[PDB]
Amino acid sequence: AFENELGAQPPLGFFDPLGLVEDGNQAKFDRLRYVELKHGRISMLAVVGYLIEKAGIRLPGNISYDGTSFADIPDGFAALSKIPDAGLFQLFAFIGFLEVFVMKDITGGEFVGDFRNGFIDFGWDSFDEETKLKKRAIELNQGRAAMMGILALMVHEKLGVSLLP
Amino acid sequence: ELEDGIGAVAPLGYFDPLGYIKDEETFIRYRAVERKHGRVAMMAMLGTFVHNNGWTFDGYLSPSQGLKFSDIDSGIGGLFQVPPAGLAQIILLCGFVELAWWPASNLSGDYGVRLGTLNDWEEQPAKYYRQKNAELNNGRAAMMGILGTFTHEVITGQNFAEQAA
Amino acid sequence: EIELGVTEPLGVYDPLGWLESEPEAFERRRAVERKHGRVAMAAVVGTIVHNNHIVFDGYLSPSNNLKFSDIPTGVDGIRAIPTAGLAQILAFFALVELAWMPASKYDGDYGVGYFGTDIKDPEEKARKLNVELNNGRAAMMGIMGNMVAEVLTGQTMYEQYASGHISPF
Amino acid sequence: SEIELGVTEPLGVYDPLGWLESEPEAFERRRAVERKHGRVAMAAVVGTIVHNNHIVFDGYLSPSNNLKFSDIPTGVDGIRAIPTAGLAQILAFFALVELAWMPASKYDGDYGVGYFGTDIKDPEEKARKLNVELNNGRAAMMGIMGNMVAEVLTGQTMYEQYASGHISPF
Amino acid sequence: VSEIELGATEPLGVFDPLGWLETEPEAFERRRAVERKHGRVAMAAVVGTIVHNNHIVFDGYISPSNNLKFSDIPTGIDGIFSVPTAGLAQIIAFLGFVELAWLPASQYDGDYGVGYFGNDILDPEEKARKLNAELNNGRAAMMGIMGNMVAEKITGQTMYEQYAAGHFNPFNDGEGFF
Ligand code: CLA
Ligand code: CLA
Ligand code: KC2
Ligand code: KC2
């Protein structure tokens with residue numbers, strides 16, 4: 001009932017060992033796919049953010065007028081304790097603004113996760129149907145891989161073992 | 001007013017165990033008496049609350065007699081400490097209102113006191129019924145309360161302010 | 001209106017007979033009566049506020065070294081205001097009397113209604129209009145009596161009461 | 001009933017620029033802009049009066065910055081005194097307000113709150129109060145602009161200007 | 001203005017992730033009654049917490065026999081448990097009397113005679129808007145009271161103490177994971 005709808009891959013097809021969507025509810029599957037894609041996008045941003053933050057790359061200048069700079073902010077969870085409280089509030093407020101107003105479907109999309117709203121588009125209509133499905137599958141699987149990768153990075157930050165050379 | 005079921009609410013509705021009601025005229029007389037008693041007793045209960053809360057005017061009730069407002073008893077004997085000239089003025093005002101402005105002969109008890117939108121009875125008759133029933137029930141509760149207050153002061157010898165102390 | 005101001009126990013009280021005679025002037029006469037009633041009600045409230053010593057904290061005219069406490073609470077209070085203050089009062093009320101709420105509008109309906117709203121019930125509206133008229137008449141008599149009492153006794157209402165000079169005998 | 005709204009004595013339909021006939025299709029958003037500016041200016045004028053009357057909260061606006069509510073300047077420089085986090089909170093809250101709860105894109109200005117929670121049933125009374133709102137907004141716009149310009153030119157806040165007696169500019 | 005469309009407003013509309021509106025339609029009346037009841041109780045609770053942590057307290061003794069003042073009652077979670085047992089018995093007895101006689105909890109539609117400040121909203125859209133406002137404020141207050149209680153338990157200090165200490169950033173402090 002839920003075979004080959006962008007979650008199926010040649011290694012393993014419809015893979016639901018818990019049977020959380022086996023009942024065949026389209027709304028529940030749409031909600032789960034929305035959550036999966038949102039987590040995947042956030043995680044594939046977080047993986048590169050963490051990787052280049054731990055590599056020593058820092059935004060040039062000062063993070064605040066009082067004197068602290070981006071170079072003084074450490075890597076990993078320790079960064080959150082050194083971001084200025086005003087800066088942390090601004091980050092959370094910007095993300096909340098995105099959640100409430102920007103990163104949502106308001107005009108109606110052809111699938112779940114399409115937030116274009118007819119405003120920003122780089123030419124997705126240039127792809128054919130097979131190419132569109134391929135790009136969606138690439139995005140989804142990169143999201144899953146990045147979810148597990150950022151989970152591994154956050155786990156190993158707390159562990160004494162590091163996975164980075 | 002009998003046909004509207006005013007004063008007959010939950011839990012006991014039309015409650016006349018002694019059969020005092022025989023026609024509409026006797027009900028009108030009894031309801032006028034009950035409504036006047038309820039209004040007087042509600043004012044009396046509010047006055048007792050104000051007295052025993054210690055909220056008194058600052059100054060002299062009768063500067064000629066040196067009687068401050070704080071020298072007046074908060075119990076049932078408080079009014080009898082008012083000088084006879086003050087009692088005469090009170091009785092004169094009460095007689096004037098109850099013979100001319102709010103004549104007691106008006107068995108309907110209606111004197112045109114309308115609070116505008118708070119009595120939007122032309123389009124919310126439910127408000128009219130609710131307010132009439134609330135007035136009657138509060139009057140009954142206040143009658144019982146003032147009787148209980150008088151009984152307490154008689155049997156204990158101390159006013160409500162110091163009975164609870 | 002003709003029926004407005006008619007109330008028990010007097011009803012239609014025209015001892016000098018100016019209703020059946022010269023009835024075309026009734027509109028302006030009622031406008032004048034209502035205006036005086038409103039003004040006198042405001043004046044009576046003002047006197048009550050004055051003699052209870054509810055005053056603003058500060059200076060009415062710092063250039064004249066005049067405080068709100070220095071203003072007499074009686075009929076001499078209006079005389080203590082500087083000329084510039086009186087001119088400002090006159091200008092503002094010229095605006096509020098010619099432009100806003102014109103005095104030439106004899107019905108008195110300036111669109112403010114009763115506490116910002118129109119009384120939908122015609123009986124309630126008539127009753128409250130009669131209340132306004134009767135209170136205006138009572139306040140006219142009261143303000144005239146207060147002024148005459150202060151002028152004869154030579155002391156403000158606060159001074160009259162505090163001295164115990166109530167009975168004129 | 002919006003094109004005839006805001007038309008009051010003594011001017012009636014005052015349009016010296018002729019834009020009610022030149023651009024009849026822009027009137028909806030121009031009226032929306034006028035109403036929004038009027039409301040903002042009315043709030044601003046009340047705020048200036050409150051500030052210059054020294055009606056302030058007791059405590060610190062930001063204890064970390066050691067900034068009392070009384071330490072904020074009363075005049076136009078008071079907005080500067082608010083720290084970055086406070087301005088960010090104001091911006092976030094009013095972004096939420098003016099994009100979701102009372103969207104600025106609603107050009108009719110009707111956000112469901114009515115006048116003190118009520119809908120004015122009488123058409124003439126409702127029109128009268130809408131005209132009152134518009135005229136008050138225009139007066140408040142003029143007043144807030146005058147207050148800002150007077151403070152900038154005199155160099156002192158309204159409280160200081162009144163206390164020093166510098167009222168007549170001659 | 002029926003009960004099925006109340007509480008479905010922007011931006012979520014009819015927000016039923018569990019799908020219980022379509023699979024359990026007969027229980028919706030009871031569920032909406034429970035939701036509105038909890039919303040009202042939580043709004044009262046949030047206002048009460050705001051009053052407590054602002055130290056708006058009565059003057060005198062709540063229990064002079066126990067030598068207990070109103071100011072001695074904590075402004076946090078432990079405040080209701082600091083009330084004497086007789087006081088709690090009186091409170092629950094009065095609340096039960098109210099909920100059984102004056103505002104019967106069995107009245108699922110929530111129309112307890114009174115309206116919004118005693119007035120019935122004859123305008124259908126305005127009535128629906130105010131009912132939706134009640135429901136949304138109840139939901140927000142449920143979340144808020146839960147958050148306040150959980151934050152007090154986690155931080156170990158009441159809302160007033162937390163605000164006085166400046167304990168607002170959950171990340172820079174030494175407590176917890178962050
Ligand atoms: C590998 C990861 C990946 C992939 C494959 C995709 C793929 C897609 N995303 Mg997506 N996304 C990602 C990460 C990814 N995203 C992340 C991290 C976020 C969070 C910031 C988002 C947020 C996001 C939103 C909010 C939306 C999409 C949408 C889309 C689809 C429409 C693409 C489009 O407009 O045509 C693009 C057409 C082209 C011809 C491409 C133009 C060439 C680009 C602009 C230049 C880049 C060239 C350069 C070599 C690439 C560098 C890659 C580097 C950054 C790693 C497409 C399936 C939209 C959608 O579903 O609409 C259908 C949509 O609404 N995504
Ligand atoms: C109903 C609304 C509401 C509101 C206004 C608040 C308000 C507050 N809560 Mg709170 N809370 C609520 C409901 C609410 N709560 C509920 C329903 C619960 C669960 C019962 C909690 C549980 C809770 C806890 C346990 C704590 C608070 C805390 C706080 C305070 C600081 C919040 C903060 O900075 O976290 C910012 C967090 C967010 C904005 C949430 C975003 C989380 C995303 C999903 C991930 C963020 C982590 C991520 C890994 C890092 C990303 C970094 C990136 C931003 C750069 C603040 C007064 C904290 C506090 O007072 O301690 C100082 C605290 O410890 N709350
Ligand atoms: C019922 C409501 C009521 C009204 C509407 C009302 C109005 C007025 C007016 C305006 C028309 C005047 C001018 C006036 C004057 C005085 N009043 Mg009244 N008074 C009312 C009630 C009482 C009571 C209860 C007492 C009292 C007093 C006095 C004394 C003190 C005389 C003195 O100390 O010798 C004076 C001078 C006390 C008193 O009677 O003293 C024995 C006192 O007990 N008054 N009173
Ligand atoms: C726009 C409306 C608005 C809302 C709805 C709102 C809600 C909340 C809530 C939620 C219940 C909390 C918990 C909270 C907390 C703090 N606020 Mg708000 N706040 C608003 C506005 C401002 C402004 C203008 C300022 C300010 C401040 C602070 C500080 C001080 C930090 C410090 O100790 O320095 C703290 C702790 C000041 C500031 O951040 O200065 C750095 C300051 O300038 N806030 N604030």
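In each ligand, atom 1 is the first atom listed, and ligand 1 is the first ligand listed. Basis for what follows: all heavy atoms, side chains included, without hydrogens, waters or symmetry-related copies. Just so we're on the same page: letters track the sequence lines, and every chain starts at 1.
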**Asked** Per the side-chain contact (heavy atoms from CB on, under 4.5 Å) rule, which among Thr48(B), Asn52(B), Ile76(B) passes with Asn159(B)?
**Response** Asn52(B)
**Prompt:** In terms of atom number and element, which parts of ligand 3 are under 4.0 angstrom from non-hydrogen atoms of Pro63(B)?
**Reply:** 33 (O)
**Item:** Enclosure of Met140(C) CE (heavy-atom neighbours >12, cutoff 6.0 Å)
**Value:** yes
**Request:** Could you verify whether a donor N or O on one side chain and an acceptor N or O on the other, from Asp30(A) and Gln26(A), lie under 3.5 Å apart?
**Result:** yes
**Asked** Hey, do the aromatic rings of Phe89(A) and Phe168(E) have their centres closer than 6.0 Å?
**Response** no
**Request:** Going by the side-chain hydrogen bond (donor to acceptor under 3.5 Å, both in side chains) test, name the single residue among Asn172(E), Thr155(E), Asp173(E) that passes it with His167(E).
**Result:** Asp173(E)
**For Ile146(B) against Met45(B), the heavy-atom pair lying closest together** = N-SD, 3.3 Å
**Message:** Is there a side-chain contact (heavy atoms from CB on, under 4.5 Å) between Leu51(A) and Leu153(A)? Walk through the geometry before answering.
**Reply:** CA-CA 9 Å; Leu51(A) 257 301; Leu153(A) 294 171; 3.6 Å; yes
**Item:** Distance-only N or O hit between ligand 3 and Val82(B), under 3.5 Å
**Value:** no
**Request:** Report yes if some N/O of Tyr161(C) lies less than 3.5 Å from some N/O of ligand 3; otherwise report no.
**Result:** no
**Prompt:** What part of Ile166(C), side chain, backbone, both or neither, has a heavy atom within less than 4.0 angstrom of ligand 3?
**Reply:** side chain
**Message:** Please check if the number of heavy atoms outside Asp58(D) that lie under 6.0 Å from its CG is greater than 12.
**Reply:** no
**Set of residues that line ligand 4, where lining means a heavy atom lies under 4.0 Å from it** = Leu61(D), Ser62(D), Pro63(D), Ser64(D), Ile82(D), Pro83(D), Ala85(D), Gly86(D), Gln89(D), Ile90(D), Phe93(D), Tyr163(E), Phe168(E)
**Prompt:** Does any N/O atom on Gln65(B) come nearer than 3.5 Å to any N/O atom on ligand 3?
**Reply:** no
**Prompt:** For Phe171(E), does the CZ atom have more than 12 heavy-atom neighbours from other residues, nucleotides or ligands under 6.0 Å away?
**Reply:** yes
**Subset of ligand 3 atoms that lie under 4.0 Å from at least one heavy atom of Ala85(B)** = 39 (O), 41 (C)
**Asked** Does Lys104(A) offer a backbone N or O that forms a donor-acceptor pair with the side chain of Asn117(A) under 3.5 Å?
**Response** yes
**Prompt:** Using 4.0 Å as the upper bound for N to carboxylate O, is an ion pair formed by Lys134(A) and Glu130(A)?
**Reply:** yes
For ligand 1, list every N/O pair with the protein closer than 3.5 Å, one pair per line with the distance.
from     : atom 1 : to        : atom 2 : distance (Å)
ligand 1 : 61 (O) : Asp114(A) : OD1    : 2.7
ligand 1 : 61 (O) : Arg116(A) : NE     : 3.2
ligand 1 : 64 (O) : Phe115(A) : N      : 2.5
ligand 1 : 64 (O) : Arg116(A) : N      : 2.9

**Message:** Are there over 12 heavy-atom neighbours, none belonging to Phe94(A), within less than 6.0 Å of that residue's CZ?
**Reply:** no
